[PDB]
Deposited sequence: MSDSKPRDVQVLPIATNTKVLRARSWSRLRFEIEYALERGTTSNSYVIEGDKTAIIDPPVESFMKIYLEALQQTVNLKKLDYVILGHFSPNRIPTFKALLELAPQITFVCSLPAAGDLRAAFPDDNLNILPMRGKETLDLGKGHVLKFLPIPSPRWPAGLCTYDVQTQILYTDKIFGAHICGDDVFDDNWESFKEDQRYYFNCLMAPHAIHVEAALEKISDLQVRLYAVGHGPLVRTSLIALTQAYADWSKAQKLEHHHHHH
């Protein structure tokens, strides 16, 4: 099948765009189960509009086409980044051209990287250190929880108090492409994902879990795979169990 974008309302004023691929994006171990992947981006429309996590260059064209069909790019206020990677730069560059008014919202360690990627541009950047919130209006107050780790110094979770959705980007996902938007049995895929991408940073995973533990969450709006709804509590417990196990191995 060809790559496409799946768009669906998920909450009040909230939609997901899942850019889908039935084959690996890279020749790397995280795709080695050969089940494809999705890259998930989100749109919250309050008084102000924010997008969360625009995908890599590979999905850029179909992403922007779908986004243009969903929102008026001249009405776009914020682009929130769950982390920073150079393979997203071309997507940011296209967004900037189409919506020159946008403000980038990121964890502090990403701010420098952004400005360097657009050196002869004057970027609007709003770094979030964890104290300040961002009000989109209509109740959509965003809380920011930086989860810096050696792998993702600018790792950031975002929580919408109105919908109780936590945007977790790399945390809690799975590399699997299917028709189902929401999470059942891709437990194997979530576990493999943890082992590929989370396990080497187990003490930081634990720190992240502690940070989010006081939140009332109805959905993990993850960066890859099905959105974690009903399996949220069980997956969170699994991440905790898998993390303490890894710590045993790490020591030897």
Counting from 1 along the deposited sequence, which stretches were left out of the model? 1-4, 188-190, 260-262
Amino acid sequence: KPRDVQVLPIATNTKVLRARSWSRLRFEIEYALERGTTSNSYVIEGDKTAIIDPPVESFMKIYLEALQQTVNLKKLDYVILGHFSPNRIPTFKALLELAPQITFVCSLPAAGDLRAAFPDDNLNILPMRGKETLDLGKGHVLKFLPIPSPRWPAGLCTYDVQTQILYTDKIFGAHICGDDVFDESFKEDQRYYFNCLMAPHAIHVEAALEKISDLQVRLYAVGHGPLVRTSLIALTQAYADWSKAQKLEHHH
From here on, numbers count along this sequence of modelled residues.
Between 208-216 and 34-42, the record assigns the higher mean Cα B factor to 208-216
The stretch carrying the higher mean Cα B factor in the deposited entry, 132-140 or 160-168, is 132-140
So if I compare the CA B-factors in the entry for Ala116, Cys106, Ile147, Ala174, which one is the largest? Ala116
Third of the chain's Cα B-factor distribution that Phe59 belongs to, per the entry: lowest
Considering only modelled residues of the same chain, in which third does the CA B-factor of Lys48 rank: lowest, middle or highest? middle
Lowest, middle or highest third: which one holds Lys15 when the chain's residues are ordered by CA B-factor from the entry? lowest
According to the PDB entry, is the CA B factor of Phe27 in the bottom, middle or top third of its chain, that is, lowest, middle or highest? middle
Third of the chain, ranked by Cα B-factor, where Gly112 sits: highest
